[PDB]
Amino acid sequence: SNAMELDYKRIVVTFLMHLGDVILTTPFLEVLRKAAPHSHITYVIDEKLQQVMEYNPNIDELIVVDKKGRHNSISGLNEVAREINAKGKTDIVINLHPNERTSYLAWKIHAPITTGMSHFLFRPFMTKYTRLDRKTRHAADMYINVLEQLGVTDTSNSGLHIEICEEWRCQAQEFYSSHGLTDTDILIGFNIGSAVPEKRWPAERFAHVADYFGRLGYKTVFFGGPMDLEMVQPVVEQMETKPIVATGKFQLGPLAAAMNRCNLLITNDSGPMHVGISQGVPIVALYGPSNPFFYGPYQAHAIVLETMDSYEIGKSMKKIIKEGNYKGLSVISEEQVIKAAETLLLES
């Protein structure tokens, strides 16, 4: 037949990418499990992102990997393959990560049939090379297209998802309770800061915004890792209200549980934005001149602020954008951000 029989099979999925790219493979994993209700499915991430998939309804078995240099990586991959093959005779391998290293891995497993997309150096040995749609789909839909290229039909998924466990609800409950957040407070959280400069809203704007709400009765958290601390300090430094600081204060599992508690999240395009979405949190997302189509808020209750909107509401109320705010995200207004929140805050 012109399909691929997925149900009743042992299957491996290989994806060793980054926090964001991973969460985006999660709706694909729901769709898979729908067409493979009985299949035994196993996932392979990179050691760090592991708390993201641990608890997850669609998977049977999750196996992680480390890395740093070349020899180290490949040694650990030959390993994983061995490890996988000690567990059972894998029927189908699907590679979602087309770089040579992961492509290597998918090959090294050596299943009767390999599919998905791999580096052209391993192409030859595959059963069916399903190429990924980089031009016409959002990233999560494009992962699913692999399944459609394999003949899947029912693709109706329910968005990004991260299953959080009890112990995490608690790490977060204390922390929050610690900071005298009450069960009834409206928490609005911020994830600012990125390795990329043009992804950073002026520090004082965030400060003004957070203060805006805090002055109104809202409570405000700040997220991030140890590297975001330098980008958050200058905000929290100039706020006249008391923020909560959750920066570098959580691991990923805990982080979701902390973010779950948010009635809202204002943020730049960065992995934590998907973590938010994967917990049902309404999103105000700051894209500059950057196009949200591909890696934006998938299946989310959000509002993406980009340059055009800034130019149009510019004209709209006759306000002119200043030459000093031309570059990057600087075309976005405290008032733009404020408005979008208050809107989503209502609609939710």
# chains A, B, ... in the order shown; residues from 1 in each chain; ligands from 1

call {"tool": "residues_around", "arguments": {"residues": "segment 287-290 of chain A", "least_positions_apart": "2", "cutoff": "6 Å", "atoms": "only C-alpha atoms", "output": "number ranges by chain"}}
result
A: 305-307, 328-329

call {"tool": "write_last_selection", "arguments": {"atoms": "N, CA, C and O atoms", "output": "mmCIF file, in the first residue's frame"}}
result
data_model
loop_
_atom_site.group_PDB
_atom_site.id
_atom_site.type_symbol
_atom_site.label_atom_id
_atom_site.label_comp_id
_atom_site.auth_asym_id
_atom_site.auth_seq_id
_atom_site.Cartn_x
_atom_site.Cartn_y
_atom_site.Cartn_z
ATOM 1 N N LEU A 305 3.608 41.409 18.311
ATOM 2 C CA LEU A 305 3.809 42.804 17.958
ATOM 3 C C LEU A 305 4.989 42.892 17.025
ATOM 4 O O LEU A 305 6.113 42.647 17.445
ATOM 5 N N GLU A 306 4.736 43.220 15.758
ATOM 6 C CA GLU A 306 5.823 43.450 14.816
ATOM 7 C C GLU A 306 5.842 44.872 14.255
ATOM 8 O O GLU A 306 4.944 45.673 14.504
ATOM 9 N N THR A 307 6.895 45.180 13.509
ATOM 10 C CA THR A 307 7.114 46.511 12.966
ATOM 11 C C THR A 307 5.903 47.187 12.270
ATOM 12 O O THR A 307 5.571 48.322 12.608
ATOM 13 N N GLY A 328 15.531 47.672 15.427
ATOM 14 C CA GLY A 328 15.132 46.492 16.186
ATOM 15 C C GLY A 328 13.753 46.413 16.818
ATOM 16 O O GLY A 328 12.756 46.559 16.128
ATOM 17 N N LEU A 329 13.697 46.137 18.123
ATOM 18 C CA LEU A 329 12.432 46.028 18.841
ATOM 19 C C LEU A 329 12.043 47.361 19.394
ATOM 20 O O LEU A 329 10.998 47.481 20.040
#

call {"tool": "residues_around", "arguments": {"residues": "residue 334 of chain A", "least_positions_apart": "2", "cutoff": "8 Å", "atoms": "only C-alpha atoms", "output": "PyMOL selection string"}}
result
chain A and resi 205-206+208-209+332+336-338

call {"tool": "write_last_selection", "arguments": {"atoms": "N, CA, C and O atoms", "output": "CSV table (one decimal), in the first residue's frame"}}
result
chain,number,residue,atom,x,y,z
A,205,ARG,N,12.0,50.2,29.3
A,205,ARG,CA,10.6,50.0,28.9
A,205,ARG,C,10.0,48.8,29.7
A,205,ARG,O,8.8,48.9,30.1
A,206,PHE,N,10.7,47.8,29.8
A,206,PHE,CA,10.2,46.6,30.6
A,206,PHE,C,9.9,47.1,32.0
A,206,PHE,O,8.9,46.8,32.6
A,208,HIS,N,9.2,50.1,33.1
A,208,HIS,CA,8.0,51.0,33.1
A,208,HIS,C,6.7,50.1,33.0
A,208,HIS,O,5.7,50.3,33.7
A,209,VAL,N,6.7,49.1,32.1
A,209,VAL,CA,5.6,48.2,31.9
A,209,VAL,C,5.2,47.4,33.1
A,209,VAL,O,4.1,47.5,33.6
A,332,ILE,N,8.7,49.2,19.2
A,332,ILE,CA,7.5,48.8,20.0
A,332,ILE,C,7.4,49.7,21.3
A,332,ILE,O,8.3,50.0,21.9
A,336,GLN,N,1.9,50.1,23.3
A,336,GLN,CA,1.6,48.8,22.5
A,336,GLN,C,1.6,47.6,23.4
A,336,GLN,O,0.6,46.9,23.5
A,337,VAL,N,2.6,47.4,24.2
A,337,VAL,CA,2.7,46.2,25.1
A,337,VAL,C,1.6,46.3,26.1
A,337,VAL,O,0.8,45.3,26.1
A,338,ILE,N,1.4,47.3,26.8
A,338,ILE,CA,0.4,47.5,27.8
A,338,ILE,C,-1.0,47.1,27.2
A,338,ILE,O,-1.8,46.4,27.8

call {"tool": "select_by_dssp", "arguments": {"residues": "segment 10-48 of chain A", "states": "strand (DSSP E or B)", "output": "ChimeraX atom specification"}}
result
/A:10-14,40-46

call {"tool": "closest_atom_pairs", "arguments": {"of": "segment 120-225 of chain A", "to": "segment 259-280 of chain A", "cutoff": "7 Å", "atoms": "only C-alpha atoms", "output": "Markdown table"}}
result
| residue | atom | partner | partner_atom | distance |
| --- | --- | --- | --- | --- |
| A:160 | CA | A:278 | CA | 4.6 |
| A:161 | CA | A:278 | CA | 4.4 |
| A:162 | CA | A:278 | CA | 5.8 |
| A:186 | CA | A:263 | CA | 6.1 |
| A:187 | CA | A:262 | CA | 5.2 |
| A:188 | CA | A:264 | CA | 4.6 |
| A:189 | CA | A:265 | CA | 4.7 |
| A:190 | CA | A:266 | CA | 5.0 |
| A:191 | CA | A:267 | CA | 4.9 |
| A:192 | CA | A:267 | CA | 5.6 |
| A:194 | CA | A:270 | CA | 6.9 |
| A:199 | CA | A:268 | CA | 6.3 |

call {"tool": "write_last_selection", "arguments": {"atoms": "N, CA and C atoms", "output": "tab-separated table (two decimals), in the first residue's frame"}}
result
chain	number	residue	atom	x	y	z
A	160	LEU	N	1.32	22.73	21.72
A	160	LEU	CA	2.48	22.33	22.50
A	160	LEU	C	2.09	21.94	23.92
A	161	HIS	N	2.89	21.05	24.49
A	161	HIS	CA	2.56	20.45	25.77
A	161	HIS	C	3.83	20.06	26.52
A	162	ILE	N	3.88	20.37	27.81
A	162	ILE	CA	4.89	19.79	28.66
A	162	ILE	C	4.20	19.35	29.92
A	186	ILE	N	-3.31	38.01	40.38
A	186	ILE	CA	-3.10	37.93	38.94
A	186	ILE	C	-1.63	38.18	38.62
A	187	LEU	N	-0.93	37.10	38.31
A	187	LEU	CA	0.49	37.17	38.02
A	187	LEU	C	0.75	37.40	36.54
A	188	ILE	N	1.49	38.46	36.22
A	188	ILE	CA	1.95	38.64	34.85
A	188	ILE	C	3.49	38.55	34.82
A	189	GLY	N	4.01	37.64	34.00
A	189	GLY	CA	5.43	37.36	33.98
A	189	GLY	C	6.15	37.82	32.73
A	190	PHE	N	7.44	38.06	32.88
A	190	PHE	CA	8.30	38.55	31.81
A	190	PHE	C	9.48	37.62	31.59
A	191	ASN	N	9.71	37.29	30.33
A	191	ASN	CA	10.92	36.62	29.92
A	191	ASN	C	11.55	37.53	28.87
A	192	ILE	N	12.47	38.37	29.32
A	192	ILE	CA	13.23	39.26	28.44
A	192	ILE	C	14.57	38.60	28.11
A	194	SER	N	18.00	37.77	25.33
A	194	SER	CA	18.34	36.81	24.30
A	194	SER	C	19.81	37.00	24.00
A	199	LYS	N	17.03	41.46	19.76
A	199	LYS	CA	15.92	40.74	20.39
A	199	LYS	C	15.64	41.27	21.80

call {"tool": "decode", "arguments": {"residues": "segment 212-240 of chain A", "atoms": "C-alpha atoms", "output": "mmCIF file, in the first residue's frame"}}
result
data_model
loop_
_atom_site.group_PDB
_atom_site.id
_atom_site.type_symbol
_atom_site.label_atom_id
_atom_site.label_comp_id
_atom_site.auth_asym_id
_atom_site.auth_seq_id
_atom_site.Cartn_x
_atom_site.Cartn_y
_atom_site.Cartn_z
ATOM 1 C CA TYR A 212 2.470 49.895 35.292
ATOM 2 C CA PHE A 213 0.797 46.626 36.321
ATOM 3 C CA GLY A 214 2.330 46.326 39.773
ATOM 4 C CA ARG A 215 1.071 49.836 40.443
ATOM 5 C CA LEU A 216 -2.349 48.533 39.299
ATOM 6 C CA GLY A 217 -2.561 45.510 41.632
ATOM 7 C CA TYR A 218 -0.813 42.892 39.560
ATOM 8 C CA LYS A 219 2.169 40.774 40.615
ATOM 9 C CA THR A 220 5.160 40.419 38.282
ATOM 10 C CA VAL A 221 7.814 37.688 37.851
ATOM 11 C CA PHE A 222 11.033 37.679 35.856
ATOM 12 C CA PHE A 223 12.407 34.498 34.325
ATOM 13 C CA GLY A 224 15.694 33.501 32.701
ATOM 14 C CA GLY A 225 18.888 31.596 33.336
ATOM 15 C CA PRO A 226 22.227 32.615 34.884
ATOM 16 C CA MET A 227 23.096 34.400 31.649
ATOM 17 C CA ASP A 228 19.918 36.524 31.735
ATOM 18 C CA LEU A 229 20.747 37.992 35.147
ATOM 19 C CA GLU A 230 22.781 40.851 33.647
ATOM 20 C CA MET A 231 19.858 41.689 31.369
ATOM 21 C CA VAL A 232 17.306 41.640 34.190
ATOM 22 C CA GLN A 233 19.227 43.570 36.829
ATOM 23 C CA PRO A 234 18.978 46.843 34.956
ATOM 24 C CA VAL A 235 15.217 46.421 34.746
ATOM 25 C CA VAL A 236 14.543 45.442 38.360
ATOM 26 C CA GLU A 237 16.999 48.139 39.455
ATOM 27 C CA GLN A 238 14.734 50.987 38.297
ATOM 28 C CA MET A 239 11.322 49.620 39.216
ATOM 29 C CA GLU A 240 9.401 51.413 41.971
#
